[PDB]
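First comes one chain, alone, set out as structure tokens in the form deposited in one PDB entry.
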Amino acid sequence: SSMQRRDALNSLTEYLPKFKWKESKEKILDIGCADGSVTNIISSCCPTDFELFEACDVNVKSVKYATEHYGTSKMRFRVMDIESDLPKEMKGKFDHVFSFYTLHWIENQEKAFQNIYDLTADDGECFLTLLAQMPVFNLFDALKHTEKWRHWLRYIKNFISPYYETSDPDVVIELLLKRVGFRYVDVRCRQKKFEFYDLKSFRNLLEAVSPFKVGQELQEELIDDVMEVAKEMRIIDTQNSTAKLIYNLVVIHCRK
């Protein structure tokens, strides 16, 4: 979506100058590729001569879309889970590891970051963006607690960032990257604003990211109520008919 695009571009444009680029043909990995659109933006950034670029995700519908639309000779689109053990093949395989807007889904944080360290080759670089505090999380968790929906979304799986309510999350993550054994580590917490100029654009997002898969005949009525609690929470401005999201995106830049 627009937010991920804007944040991916802005995150790169800033940190690209700070990267070490090995002279020899490179081995790169992006984690959570989804559409492949954003990982295509990443591939386009410097090294024209690299051996292989790999891009993995959990969604199977997406990896196929992304392999058929963006997949090439040196752009392999695999299915993999970071919350899971690696094959012996991939330990120390990759020179540069990327992952944007993906690591706030992992139940077991340390396992995923421990993997990331093991994938990164000797004298390699990481670059991962990650959501902490985000209103959308509070907006949906608010609906799950509504008198109407309380009972029929009591046991629903609602995936919220592990860091959406943690103090100094930059420090928490920094220490977890030093335990796992990264030599250099830079974790900054970036406050971001994103605006919606009509409600149909905001609605379009809510529909997309909603963590509540339900009957398509309820899907419409559910977001009707979500758009309503968004008015109550002042995520949308009723008078101007606009929406505004201020959220924290932690960006991580580390070497081993």
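Numbers for residues come from their place in the sequence shown, where the first is 1. We call the rigid core whatever largest set of C-alpha positions still superposes within 1.5 Å between the two forms.
This next part talks about the form deposited in another entry, which is not shown.
When both forms sit on the same rigid core, the CA shifts between this form and the one not shown reach 2 angstroms or more only at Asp49 out of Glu228, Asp198, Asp49, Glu220. Positional change of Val172 between this form and the one not shown stays under 2 Å at the C-alpha, relative to the superposed core.
Relative to the superposed rigid core, the position of the CA of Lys148 differs between this form and the one not shown by less than 2 Å. Once you line up the core between this form and the one not shown, the Cα of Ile82 ends up 2 Å or more from where it was. Note: the CA-CA distance for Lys27 and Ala55 contracts in that other deposited form relative to this form, by 3 angstroms or more.
The pair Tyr247 and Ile160 separates in that other deposited form: their C-alpha atoms are at least 3 Å more distant from each other than in the form depicted.
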